[PDB]
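Trainee:
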Amino acid sequence: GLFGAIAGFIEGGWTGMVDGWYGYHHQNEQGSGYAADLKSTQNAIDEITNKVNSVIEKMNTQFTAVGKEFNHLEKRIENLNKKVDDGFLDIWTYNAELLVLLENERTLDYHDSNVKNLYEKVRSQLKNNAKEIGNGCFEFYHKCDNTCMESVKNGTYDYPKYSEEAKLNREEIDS
Amino acid sequence: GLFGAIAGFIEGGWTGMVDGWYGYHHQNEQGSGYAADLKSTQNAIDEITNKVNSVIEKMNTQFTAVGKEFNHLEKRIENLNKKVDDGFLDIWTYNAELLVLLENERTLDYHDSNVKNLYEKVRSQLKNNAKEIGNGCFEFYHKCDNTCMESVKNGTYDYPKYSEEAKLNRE
Amino acid sequence: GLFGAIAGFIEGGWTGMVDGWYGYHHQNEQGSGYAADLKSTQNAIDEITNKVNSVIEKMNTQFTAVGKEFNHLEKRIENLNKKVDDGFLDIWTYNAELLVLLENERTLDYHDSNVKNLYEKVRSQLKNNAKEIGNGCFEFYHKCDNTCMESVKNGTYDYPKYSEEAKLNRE
Amino acid sequence: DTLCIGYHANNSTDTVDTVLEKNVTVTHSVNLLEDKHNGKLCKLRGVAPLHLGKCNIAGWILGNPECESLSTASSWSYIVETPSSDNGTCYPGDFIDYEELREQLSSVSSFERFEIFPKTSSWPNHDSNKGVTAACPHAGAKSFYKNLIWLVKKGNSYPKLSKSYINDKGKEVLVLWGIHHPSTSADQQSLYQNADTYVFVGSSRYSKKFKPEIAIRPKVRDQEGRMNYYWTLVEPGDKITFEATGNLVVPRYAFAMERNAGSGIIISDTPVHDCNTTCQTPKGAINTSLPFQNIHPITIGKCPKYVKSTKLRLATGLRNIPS
Amino acid sequence: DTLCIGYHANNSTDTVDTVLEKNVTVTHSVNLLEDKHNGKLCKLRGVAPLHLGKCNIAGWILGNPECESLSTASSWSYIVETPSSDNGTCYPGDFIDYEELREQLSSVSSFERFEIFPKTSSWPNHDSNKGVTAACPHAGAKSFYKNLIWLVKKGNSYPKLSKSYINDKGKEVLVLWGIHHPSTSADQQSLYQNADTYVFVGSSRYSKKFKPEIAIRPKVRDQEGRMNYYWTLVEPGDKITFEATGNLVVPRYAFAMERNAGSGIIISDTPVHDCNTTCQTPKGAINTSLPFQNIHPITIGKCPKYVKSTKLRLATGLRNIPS
Amino acid sequence: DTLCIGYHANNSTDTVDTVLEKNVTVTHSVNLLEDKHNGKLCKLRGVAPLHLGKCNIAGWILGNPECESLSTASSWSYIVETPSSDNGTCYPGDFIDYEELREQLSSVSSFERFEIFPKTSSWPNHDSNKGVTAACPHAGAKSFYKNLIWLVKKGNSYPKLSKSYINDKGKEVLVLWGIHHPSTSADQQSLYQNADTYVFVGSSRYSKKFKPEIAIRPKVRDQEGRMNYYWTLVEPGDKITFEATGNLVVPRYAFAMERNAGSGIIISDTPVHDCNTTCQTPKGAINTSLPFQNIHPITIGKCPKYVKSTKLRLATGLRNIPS
Ligand SMILES: *[C@@H]1O[C@H](CO)[C@@H](O[C@@H]2O[C@H](CO)[C@@H](O[C@@H]3O[C@H](CO)[C@@H](O)[C@H](O)[C@@H]3O)[C@H](O)[C@H]2NC(C)=O)[C@H](O)[C@H]1NC(C)=O
Ligand SMILES: *[C@@H]1O[C@H](CO)[C@@H](O[C@@H]2O[C@H](CO)[C@@H](O)[C@H](O)[C@H]2NC(C)=O)[C@H](O)[C@H]1NC(C)=O
Ligand SMILES: *[C@@H]1O[C@H](CO)[C@@H](O[C@@H]2O[C@H](CO)[C@@H](O)[C@H](O)[C@H]2NC(C)=O)[C@H](O)[C@H]1NC(C)=O
Ligand SMILES: *[C@@H]1O[C@H](CO)[C@@H](O)[C@H](O)[C@H]1NC(C)=O
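Residue numbers (the working numbering), protein chains in the order written: chain A, 19 to 193; chain B, 5 to 175; chain C, 5 to 175; chain D, 30 to 352; chain E, 30 to 352; chain F, 30 to 352.
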């Protein structure tokens, strides 16, 4: 959609990452596996709960009877009251329905940016040190152990540390 | 706009691209012209047509007479009837007015989004085999024929086919 | 939040930039400081003012009395009148309250998108010429004086002029 | 070799307003506001309205000499009455619960006039022939309401009348009657002899004793006296009884009906046509195709919501940048 | 070595509708539409409804002999009638400002039935034992309402009646009374002797002189006579006087009560249960955690807004692409 | 050498609420909810309200001894009545269609008091000097309403009265009158002599015979009798006719007036000033601009919509992140 990540450059979901909305998959000499990005997942639960409450919280409403009884010689007031009942009904049905359609689009668009910003955040860290292979993947031009992998996921990737190894591998691949 | 494409890096629109909302201007050794991106255009059409149908179709409304007749000794009820009509008139007018304003802005952004997305999709395919020259333009380091050109459009572009050929021209 | 620039890659705001909403900060050889980007700040102000006038000016409304008076044997019409009053209150409160929430989120995203677009524009003009050092900053590989600096902001930055000057600065 | 990814522009001149800016030319956009109507009054739910001509509901329902008459079974979706409809209560007086009757008659599923108390056999002791007035003229002569008989004394005699009717129909019957209030005690004798009269009307749900109010009111349509108009809906099993010593303006024609799910009355000079609609406005009919309408606030049918806006066009295409 | 950024997919089958696509599968979602009701009429804010069984408001309040009356409750959040609730005014006539009274009585916070004019001491010169009718049968015998006394002549004598009640109750007192409208001159004589009678009733706010309208009405519950029902609320220190020379169905029981803000009457076959609710529907109580409901448009309570929606699913998670 | 990109941060402490985050400190913001008022009762439509002081509409229209009138405008935008306004109908009885008259007198574009029936000329056969009461005192002396004359017998005779007014003013004339209901036969005889009496009021639009109800009602301001209050608007060129044999409390003063658009009655203690406003609240006036308001539900004018929100703020600036 809107940010190009979800169902865009990152084709599909992961039934393997069960600990969060957004995260990572890795491969190294030690092993593979999925992990959720805590910082983004949490903030997003926090914000989505806020949005969910807001739609519900702001309602409040009065103590109302709704029903009114009118006699055989009070059809005009009885119809006036149905007009009030029907008019509010049309207001509430239309708004509820439009609010939900517009906000469901805005929610998915939000999950798209979260996944897009996550890709970009890493791309900014690794720079020259990894190859962007598409599908939201990076192929490290250097040896990236569970520790190194964790540094990236935690947003503390040390680019000058792996630079030399990555420059020689890249320069050999590009050769 | 919001995504930087429409009236941003892609300065203006093409009157020569009648076939769709979004697309390409191919320019190579064997003729030139405009072509619409079928997927992105059709997808957009469908989604927009849904957006339209949601706004119109969620309305419905039931049978009502609205009109009410009162005698000279029923002015307060006459006035209660007026307060109801004007109340609903104040609600619908402001809501419809705001729904059109707010929603026109979300639509133009959506178009800006499909243009920005398409731009990056092509960039991601070509990586370094083509130069970005602004106006949303890619200048090929290699010889992209009509079938090569008709691979970048449908997203089947072959980077290894031209990799080293482009590597040489770059220097 | 949305475009990952404001409180994203550009961690914080500049109190030192009284000039306008979005701008720059130069650090060369002849004095360092901030200056707003007019050809975006004015646009933002104009657009945001328009958004405000729309929320405000779309209201209008007619002259009404609201209050109704009813005898002791008119409780059902008294109560019907209260239903209209409470129904409109609940409608307007919920609407006003939600539009305020929804729209505040839209305005802030717009600011994020504007900063993202301003950063992207500069990165595009510069290219190889300056290094991306995170937090919206570009470290020039070449020498850029107070006039050269003004140009990058103006949307007029010649890449060839400093091409080799910056090429022989990558080690 | 070059490949530029770009967007569309065309000859389109459609301008929309967005939260962020007014008057933006778009490549494509749709209107959401119904601004046009047919300028005709149409059928609703495939049923034609009842047009009252030079009459109003009062004139119509009582038998006003200037009014049409529907001696046959009918049905209407709504009632059309022209702003210049003068022909109502020709003899002056109050039509009790008039706007209530108007609403109940607004739309009828089945409506049928029948001679409840036939003129020739119902009153062998009172004058059914006399009971014509200058107030209700017809083709330049003293006349009266078609659906009512102004019963009067039979040669210096007005015996007590007792007349009852059992609703043999299997639907409600609307009954109308009048109470004449003469101007003088001379008028009360001249018409009813009796002088100290009452009128009693009862059903299972209705009961009222009427007493003439004798006085000189200001002269309306050459009349110093008044006539009050009353009606009731007799249920199927039910019986309606009339008792009087004078002053009763007896029913002649009554109406069996099935009251249709509440509708309305349009007061318009717009001509009625053989068109069909889902939405009717006094000005003419509208398409319920679009969610909003700026035609008229008073509508009958399943209608778009009334709106003060002059334009509500939603952008569908993109910004039009010709270049 | 690879690092892949991705997003969560799951076992979720739930769908939401967006402005751009209808059936989008989401990983997580919240329903905003209360579609369920408990099928019971509950206590509204810890206060139980006044369930009238086979009786209606008129029946219960007049003390129709078929209605309990000696088992109410000092308070009620709302009243319940059943659609079949027939027992009301057993003697035919109009119950004046009836819906207004129902409205006033829909909710109460203090309610005490007390003998305003006790039977054995109030009427020493009038008969208070006869004045039972075939119109009101109960347990095989001619009966009458419990809350009223149909006073009739004390064997050939109906002297003038004049009796008042102050109000030492520190709240309004609901006083109901009836006006008997006999069928004939013979029925007037047999009940009251005095031919030309009147009833007068007055307080500081109320004043009406009633005159019986003797006339044969169509037989309803063996009656050609009628009885009109009247009520007034007598303020905390006001007096109500009862003056009559015949035709007074005198108040026997009245009600000290505090009217509670504003409730309603649910006409329903829904059984009453010992449950609490914030929102009551004629067909079951509803939770108020959600902003909307599609159960019933006519609710009593602090209620979600009724919508004609079948689904209002708000996405929380993302698009579920398990591919 | 470096060139950066960045955004504004300031001294601002103001927070907004977004859909995703509750307390957001923003650089700039605008308020959409009006919470300020002037505490004054202002000129709507360039016209000052009609402040009634200690009097209510009943007392002011009828010439209640504590109300003075006339010099109290010919045009008003709305009526100000205070919550403690006791001075109304000093003689007890019912004011028919009182709230209806209140709505109709709410805004007037022309108002002129005129003696419909000059005290001097109008009544040569009835007493116009006796018609004062302990119920309506002025400066500690039996008085009455200025706009009404309480006609009484002239030396043991109340001949039949007959008086008419033909509306020669260019507008509607509001005529008010009263029916006196004595407590006893003696009181009736001492005031009118006649005993079996009536009151008849006729117009083209209006007709009603009144029959006095002689009874001891509970004492309201030492009065065991009652005085019902009636009014009617006589269209230009129309005749209003009064006829009586007693119990008529004639009009003396009538009002030629022009009913204005759609205003109301503000019941408030808040002071009236020389301020010009477009929106009025019982609490004070709002100088609009904004679409929303939390001051009062009940308002008169081109007003903002009443919302229960205590804070409605639109962020215009961005998230303030100073550091
Ligand atoms: C309390 O509730 C019931 C239910 O409505 C009332 O009973 C019904 O009353 C009608 C009207 O009098 C009865 O009709 C009669 O039917 C008989 C057959 O026995 C017929 O031969 C008679 O000529 C007459 O038309 C009906 O049978 C009866 N229905 C039921 C369900 O009981 C009852 O009268 C009420 N009592 C009071 C005191 O309100
Ligand atoms: C009847 O209705 C609801 C049922 O949950 C109760 O409402 C809550 O009341 C408490 C304190 O009484 C508040 O602090 C809550 O915030 C309320 N929530 C809702 C959703 O209404 C109410 O208390 C109930 N009455 C009884 C007697 O249990
Ligand atoms: C005007 O209103 C005042 C309001 O109090 C009335 O005065 C009260 O009424 C009775 C009879 O006068 C007294 O016993 C009270 O103590 C009064 N209070 C005061 C302050 O006088 C008065 O009755 C009214 N006058 C008219 C003509 O309506
Ligand atoms: C019908 O209307 C015209 C116009 O007011 C009038 O001249 C005529 O006398 C009316 N006749 C009846 C019987 O209503």
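Backbone N, C-alpha and C define an ideal beta-carbon position, used for all residues, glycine too.
Please name the residue, chosen from E:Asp30, E:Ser41, E:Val109 and E:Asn93, that lies closest to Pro300 of chain E on a Cα-to-Cα basis.
Mentor: Closest option to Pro300 of chain E, Cα to Cα, is E:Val109.
Trainee: Hey, how far is the Cα of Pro121 of chain E from the Cα of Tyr174 of chain E?
Mentor: Taking the straight line joining both Cα atoms gives about 13 Å.
Trainee: So, is the C-beta of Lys87 of chain B closer than 8 Å to a C-beta in chain C?
Mentor: For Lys87 of chain B, the answer is yes, since a Cβ of chain C falls inside 8 Å of its Cβ.
Trainee: With distance defined between alpha-carbon atoms, name the residue in D:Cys304, D:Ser232, D:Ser219 and D:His66 nearest to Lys312 of chain D.
Mentor: Nearest option by C-alpha distance: D:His66.
Trainee: Provide the residue span of the beta strand (DSSP E) that contains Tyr174 of chain E, from first to last.
Mentor: That residue, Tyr174 of chain E, is in no beta strand (DSSP E); it is neither H nor E in DSSP.
Trainee: Could you confirm whether any beta carbon from chain D is found closer than 8 Å to the beta carbon of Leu116 of chain A?
Mentor: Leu116 of chain A does not count as touching chain D.
Trainee: Using beta carbons (cut-off 8 Å, strictly below), is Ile95 of chain A in contact with chain C?
Mentor: True, the Cβ-Cβ gap to chain C drops below 8 Å.
Trainee: In three-state DSSP terms, what is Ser138 of chain D?
Mentor: The answer is strand: DSSP assigns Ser138 of chain D an E or B state.
Trainee: Would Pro247 of chain F and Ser191 of chain E be called neighbours here (beta carbons separated by less than 8 Å)?
Mentor: No, the pair does not count as a contact, with Cβ atoms beyond the cut-off.
Trainee: Are the Cβ atoms of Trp89 of chain E and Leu81 of chain E separated by less than 8 Å?
Mentor: Result yes, Cβ atoms of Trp89 of chain E and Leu81 of chain E sit closer than 8 Å.
Trainee: Could you check how far apart the C-beta atoms of residue 391 of chain E and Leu205 of chain E are, in whole angstroms? I think they sit under 8 Å.
Mentor: No answer is possible for residue 391 of chain E: the residues shown for chain E start at 30 and end at 352.
Trainee: Checking the sheet assignment: what are the DSSP bridge partners for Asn116 of chain D?
Mentor: Looking at the DSSP assignment, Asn116 of chain D forms a beta bridge with D:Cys84.
Trainee: Excluding five sequence neighbours on each side, which residues of the same chain lie with their C-beta closer than 8 Å to the C-beta of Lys183 of chain D?
Mentor: Same-chain partners within the cutoff: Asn154, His155 and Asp156.
Trainee: So if I threshold CB-CB distances at 9 Å, which residues from the segment 10-31 of chain C count as touching chain F?
Mentor: Correct list: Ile10, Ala11, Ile14, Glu15, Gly16, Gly17, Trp18, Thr19, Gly20, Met21, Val22, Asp23, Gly24, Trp25, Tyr26, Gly27, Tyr28, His29, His30 and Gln31.
Trainee: Do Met63 of chain B and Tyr38 of chain B have their C-beta atoms closer together than 8 Å?
Mentor: No.
Trainee: Alpha carbon to alpha carbon, what distance is there between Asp298 of chain E and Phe124 of chain F?
Mentor: Computed Cα separation, rounded: 43 Å.
Trainee: Please indicate yes or no: does the CB of residue 356 of chain E lie closer than 7 Å to some heavy atom of ligand 1?
Mentor: This structure cannot settle anything about residue 356 of chain E, because the visible part of chain E is limited to 30 through 352.
Trainee: Assuming contact is defined by CB atoms lying nearer than 8 Å, are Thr270 of chain E and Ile245 of chain F in contact in what I supplied?
Mentor: Contact: yes.
Trainee: Measuring only the C-alpha atoms, how far is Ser151 of chain E from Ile195 of chain F?
Mentor: Rounded to whole angstroms, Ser151 of chain E to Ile195 of chain F spans 55 Å at the Cα level.
Trainee: Closest by CA to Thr149 of chain F, which one among F:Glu141, F:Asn158 and F:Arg142?
Mentor: Residue F:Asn158 is the option with its Cα nearest to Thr149 of chain F.
Trainee: Any Cβ of chain E within less than 8 Å of the Cβ of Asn122 of chain A?
Mentor: It does; some Cβ of chain E falls within 8 Å.
Trainee: Under 8 Å between C-beta atoms, does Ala244 of chain E make it to chain D?
Mentor: By this cut-off, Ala244 of chain E is an interface position.
Trainee: Would you say the beta carbon of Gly231 of chain D is closer than 7 Å to some non-hydrogen atom of ligand 2?
Mentor: No, the beta carbon of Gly231 of chain D sits no closer than 7 Å to any heavy atom of ligand 2.
Trainee: Nearer than 7 Å: is that true of the beta carbon of residue 22 of chain D relative to any heavy atom of ligand 1?
Mentor: Here chain D comprises residues numbered 30 to 352, so residue 22 of chain D is not present and cannot be evaluated.
Trainee: For the alpha helix (DSSP H) that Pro178 of chain A lies in, which residues bound it at each end?
Mentor: Note, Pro178 of chain A: alpha helix (DSSP H), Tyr177 to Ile191.
Trainee: Along chain A, which residues have their Cβ under 9 Å away from the Cβ of residue 389 of chain E?
Mentor: Nothing can be reported for residue 389 of chain E, as the shown portion of chain E is limited to 30 through 352.
Trainee: With DSSP collapsed to three states, give me the class of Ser128 of chain B.
Mentor: Helix at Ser128 of chain B.
Trainee: With a threshold of 7 Å, establish whether the CB of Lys171 of chain E neighbours any heavy atom of ligand 1.
Mentor: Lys171 of chain E: no, Cβ never under 7 Å from ligand 1.
Trainee: What does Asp298 of chain F touch in chain B if you count any residue whose Cβ is under 8 Å from its own?
Mentor: None at all; the shortest Cβ gap to chain B is about 24 Å.
Trainee: Hey, out of A:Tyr177, A:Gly152 and A:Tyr180, whose CA is closest to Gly30 of chain A's CA?
Mentor: That would be A:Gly152, whose Cα lies nearest to the Cα of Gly30 of chain A.
Trainee: Taking 7 Å as the line, does the beta carbon of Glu97 of chain D fall inside it for any heavy atom of ligand 4?
Mentor: No, Cβ of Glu97 of chain D sits at least 7 Å from all heavy atoms of ligand 4.
Trainee: Quick check on the DSSP output: the beta strand (DSSP E) that includes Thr270 of chain F runs from which residue to which?
Mentor: Residues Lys268 to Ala273.
Trainee: With a Cβ-Cβ cutoff of 8 Å, do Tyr137 of chain A and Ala62 of chain A count as a contact?
Mentor: In this structure, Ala62 of chain A does not lie closer than 8 Å to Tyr137 of chain A by Cβ.
Trainee: Does the beta-carbon of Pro320 of chain D have 16 or more other beta-carbons within 10 angstroms, so that it is buried, or is it exposed?
Mentor: Classification of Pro320 of chain D: buried, given that the 10 Å Cβ count is 16 or more.
Trainee: For chain E, is any of its Cβ atoms less than 8 Å away from the one on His90 of chain A?
Mentor: No, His90 of chain A does not count as interfacial toward chain E.
Trainee: So is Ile95 of chain C in contact with chain B if we call contact Cβ pairs under 8 Å?
Mentor: Yes, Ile95 of chain C counts as interfacial toward chain B.
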